[PDB]
DNA sequence: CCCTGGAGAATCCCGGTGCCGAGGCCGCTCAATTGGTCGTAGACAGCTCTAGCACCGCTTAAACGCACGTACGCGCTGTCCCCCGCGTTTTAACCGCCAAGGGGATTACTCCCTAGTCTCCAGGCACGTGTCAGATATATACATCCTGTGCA
DNA sequence: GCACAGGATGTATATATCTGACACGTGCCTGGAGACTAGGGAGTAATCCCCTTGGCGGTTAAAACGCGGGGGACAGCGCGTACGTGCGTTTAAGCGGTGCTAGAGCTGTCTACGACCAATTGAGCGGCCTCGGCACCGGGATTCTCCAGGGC
Ligand SMILES: Nc1ncnc2c1ncn2[C@@H]1O[C@H](COP(=O)(O)OP(=O)(O)O)[C@@H](O)[C@H]1O
């Protein structure tokens, strides 16, 4: 067995079972979803890095992630993504 | 006494006097030249960093810089810039 | 009886004149009012540096000039000399906006 | 004998191929073309089959989008036949 | 031991005692080689004294060389008429008009050098600094010198760059806000004396320093008329909507950028803010009056003066407030004439004449506090109501004296409207501070 | 109680000014319906750019929009501007 | 090899145009589209060969092709 | 002794790996330091976007009378939603095809 | 003892700041390690590009009969040359104007 | 000049095959837990220079409204040739299979190249300051455009 | 019907003036060079086995070719309409001012909490098998459409 490779496949599958309980997915579709997740990650992280360099900071923070999602996603997606991220950070802070 | 701002104005003026002894440059043209140098530097450095990540290396080297130059520059510019940089690195390594 | 130029000589003269210069072709104060009105809906109590408005005007004028070049090409494609909203919409659709 | 008018079969083919999701170029000719083109940059090159498949996917997508824009230009000229002038106009407006 | 009577070169007129005293003082300034500031109030023949000075300097001294007078545009014709009437031996030219007229004038009269005095305006000086900069100027006169009271202004820089031998500043209010302005004027005058930026250590020392360079003749030597004024402060309280908006402004969708400027107008009328007025009907009926303290007091005050002597002048610093007052006066059906910056000059003069017509039905003349030209002879009025106070007390004094001119007959009552527990109290306190500074320094 | 509006700010971009822009673009004849279309196009473009610039200004916790913020918004859009920093 | 742009046949171009949504095709479209295809392929293959060379590989990988496409602004999901 | 380890994804109530996102940020040369809330926020955003796309694709697959999501379903979901089409405008999806569309002039009169 | 300091730009023969480029690379978070010859190569490439643009702009200034360069000359140089036009295709030069260009149809005949 | 009537294509329903998707197991390496530290960012204070709001005064360039005439957009018509739809024959793509070895991919080892540190010093930046290149004006010289008219 | 003279317009041209930005010179300080150490990244060699490439034969779909005809491109003509040109009138831009703040940037400090580094260990995750329900393939009966002929 060669070197192990990392993919978001199991997490994508868990989300799919949450959304449609009795619907599956094929290998090419999972590869497409993995590529999508990697691309979105790189877009957001690069934008946040540029923000930190512009403001002369050294730490990537939740405020930078929020500004990056406002910059990159359009409209209702930006609103809902901001709400979801804020909820997650609130739960993490209170439940840690 | 105000803060220190860094710019490539000194070196741009040197290259201007080297390539056209009797010619001057205005402040706004200097702003444009400075912005151009910054933009090219950022493009080359970003492409080199992406290359290093792709090949799972940690060091930006002259091989990475050459490959980024060939990727970014169109053709005659690419080959002449490669020759210029090879000359420079040879001169630096030879007796320095 | 008074001397008059044909319909199209003055248009070509204006084309050459404004392709020879580099100034801004839009009035600064009206443009500033428009920019402030647009930013009002995004966030009230907004203040603008004067250099920001100049950069905005530069970008807007460059965008409009490039759009008009493409519009003229489309009108010439349709075997016309007059540019039309159809030409503007086609240019935008092909460019992907 | 039965004979369809000039244009009904074209519409049927339009619907059929817009319904389908498979490649429309012969794979062996495309592979030979790719290797030929690659001879200009390096010798004795070898390819992964996935590489040729991805190249074909990208090429087909580019051509399909180009033909859509060309069709729009032809409709603008009040025509149904597409022409090389339409292809050139689409490329020029895109920025190529 | 100087000129003791009306000079001879000045024909058709005998200068008064203060006129000849000022002329003697200017001659002493010239003899000692010191430039001076002449501030003898608003009516003691300052233009005549300047004309007499130039007439003397040309007649009894042989220097008919170039002389420049800088004036506001509104006073150019007055200056030319006075030059032609009093001392016609001198040769005076005026520079006005567009670019073609300016070029023709410079090619016809200015450059050929057949003139002796030049009467130009501020704008024409800024335009033609290039040609005025060439000449050697024997005497430079700047009228209404408070225009250049501020350094770092283009006119002050340009007037500093000229080549001059003598300088003379005419003003009535040398001190408006702070001693920096007085130093700016004195530094234009004597740059080598007042080169520095800045009651034995104060008041008396300042008086002794200023006295060799200044001369003020209060309008009390003549008097014999103009019964003294009387200022009454009327305190008013916020209406309920005014209180609601004051709280909304202080606590903090309308942009509120200049908080002081929003609180002010809020203290004038809540209707200025968008949407504070009631809905689409847009009627003028008793909800204008009741929503403003100044407006309720004004409605309680106007009819009493009207059944009394009437002829009231109302001043404000906002044309929006002028609009609201015009609507009120239309609804109550008094007579109103309006004058602000947007009123064309012919209409301005027509309104002044119509109100000043000996027996007219006009009742209220509304002016913007700064829209006059220091003229405006509204001497038939009786009561001045200041809707708004200005940071500059000299502006308020000029507004007052537009109705306190020589033709006045009966005493004038000045009603100043102040909101209690607002920023108007601050404004008035600052104005009092500036006025006390001015009185202690210049008046004494 | 006196209301009198002046004009719409999008009308401040005038027909002769749009004609000058078309002249620099190289256009000879211009239809009368072009002006409203151009006004809409300009509004859309400005809205995108200003939204991004305001996002940057908010992240910096400022209330003043700067030329650098405008430049960064344009680089986000893909319309690099040289000459302002 | 030589004469391989003629392997992209007229029926294939017709199929691609029919997926694009065109009904009538002029006879001169085929040479034009072969030229367009050649220039596009040359750009992509050049970038991919640059990546392959830098890695000191003698094989071109789907990763190299994807990287070239992404640098040209033509992201391709479905291969990695 | 040490308490039972609770994953940060469990603490945040997510289904995406917060720790893996944190390691990817640290190894990516994006910035010198990474805050604690950044991985949680990023994982939540990724989860939301993935859920949106999967929901639309599953709806499309059901309208096709299937049960496995294929690239055709993904492409239909992306191109029939305006926000996701604005996000993925420069993206080509393998074996996705195109949206059925014929211009009205081409239809028979 | 000690030797007199020689700048790396002098060592390499470049008119661009090798040391400043090295520091900018190390602070830009591009990688955790930067080689010795990389700043030299990058500075040489930047110098070549700047020299090209300045040569073309000086030629344009001679054509316009002025001895100082302005953004108009920079735009005329960047356009009219295909390599730099591809390089700066999506770049706007402030007050640079546009190329003179009138279509053949629009001319009188 | 739309209504039946044939034909062709597509759709739906029903039954047999195969192939991987989804589950269950194993092993490992990577994230979570504690503990300690340090440096980054938040908070405060003190200067300086710009931007917003409400006005005024003046000059003048540009917008604006209007009217006329003229290219031009647009519809209509006729002609011709070109692209499409169909049938026949050829060709090479596809698929399955086999075979060989080139190169991708991993591991172990060692060295050499870079990060970090401390001095030392000179190159680059802010600051003043003069002079000259370009903008502008003015008066010509010339090149262009348009019309009327003389000549077939 | 065409071609030219000439008038009027606009434009290119040489000269003279003036001003404000370019370019140079200066002090000093902050960042770059010199010299050293220490450690981990990467170059280098060697092994494995996967995946590429080459070849061959049989099938059959797809390409190439040729025919015949209707529809679409395209040239030409006529018209009336909306845009260009020019002129007189109106408006608002632009410049120069008041008067007061607050906002934001550079300086300089202080300080505390949050991120980093390190050491353990055990649970999550990736790879490997295995099996059955879905997807695919065919087949048959069905519905919708498209084209043609004429009694509507
Ligand atoms: N014949 C006159 N001689 C001198 N002064 C006069 C004469 N007539 C009127 N005045 C004064 O002129 C004043 C108004 O004119 P003003 O513009 O102030 O002139 P000046 O600027 O010369 O004082 C009045 O107060 C009046 O006293």
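Counting begins at 1 with the first residue displayed.
Looking at the header, which is where the method is noted, we find electron microscopy, 3.1 Å.
Placement of Cβ uses the backbone N, Cα and C atoms for every residue, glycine included.
The annotation S-palmitoyl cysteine is assigned in Swiss-Prot to D:73. If you look up Swiss-Prot, you'll see D:19, D:42, D:85 (among others) marked as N6-glutaryllysine. The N6-acetyllysine annotation in Swiss-Prot covers D:19, D:42, D:78 (among others) and is backed by similarity to another entry. Under the heading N6-lactoyllysine, Swiss-Prot lists D:19 (among others), citing similarity to another entry as support. Residues or ranges marked as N6-(2-hydroxyisobutyryl)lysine by Swiss-Prot: D:42 (among others). Look at Swiss-Prot and you will find D:42 tagged as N6,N6-dimethyllysine, backed by similarity to another entry. As annotated by Swiss-Prot, phosphothreonine applies to D:43, D:70. The phosphoserine feature in Swiss-Prot is assigned to D:49 (among others).
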Item to check | Distance [Cα-Cα, Å, rounded] between residue D:70 (phosphothreonine) and residue D:85 (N6-glutaryllysine) | outcome: 9
Checklist outcome for this item: Checking the modified residues D:19, D:42, D:43, D:49, D:78 against residue D:85 (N6-glutaryllysine) with a 10 Å Cα-Cα cut-off, in sequence order, leaves none
Checklist outcome for this item: As a whole number of Å, the Cα atom of the residue listed as 'S-palmitoyl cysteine' is distant from the Cα atom of residue D:19 (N6-glutaryllysine) by 24
Checklist outcome for this item: Counting every protein chain shown, other Cβ atoms within 10 Å of the Cβ of residue D:49 (phosphoserine) number 10
Checklist entry - Taking the Cα atoms as reference points, how far is residue D:78 (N6-acetyllysine) from residue D:42 (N6-glutaryllysine) in Å? => result 47
Item to check | Cβ neighbour count (within 10 Å, all chains shown) around residue D:43 (phosphothreonine) | outcome: 8
Next on the checklist: Under a three-state reading of DSSP, tell me whether the residue listed as 'S-palmitoyl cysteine' is helix, strand or coil.
Outcome noted: helix
Next on the checklist: Around the C-beta of residue D:70 (phosphothreonine), how many further C-beta atoms are within 10 angstroms, looking at every protein chain?
Outcome noted: 27
Checklist entry - What Cα-Cα separation, expressed in whole Å, is found between residue D:49 (phosphoserine) and residue D:42 (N6-glutaryllysine)? => result 18
Checklist outcome for this item: Under a three-state DSSP reduction, the secondary structure at residue D:49 (phosphoserine) is helix
Next on the checklist: Using a 10 Å cut-off on Cβ-Cβ distances across all protein chains shown, tell me which of the modified residues (D:42, D:78) has the largest neighbour count.
Outcome noted: D:42
Checklist entry - For the modified residues listed here, D:19, D:85, which shows the highest count of neighbouring CB atoms within 10 A? => result D:85
Item to check | Cα-Cα distance linking residue D:19 (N6-glutaryllysine) and residue D:42 (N6-glutaryllysine), given in Å to the nearest integer | outcome: 39
Next on the checklist: Given the modified residues D:42, D:49, D:70, D:78, which pass a C-beta cutoff of under 8 Å against chain H? Sequence order please.
Outcome noted: none
Checklist entry - How long is the line from the C-alpha of residue D:19 (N6-glutaryllysine) to the C-alpha of residue D:43 (phosphothreonine), rounded to the nearest angstrom? => result 40
Checklist entry - What three-state secondary structure does DSSP assign to residue D:43 (phosphothreonine)? => result coil
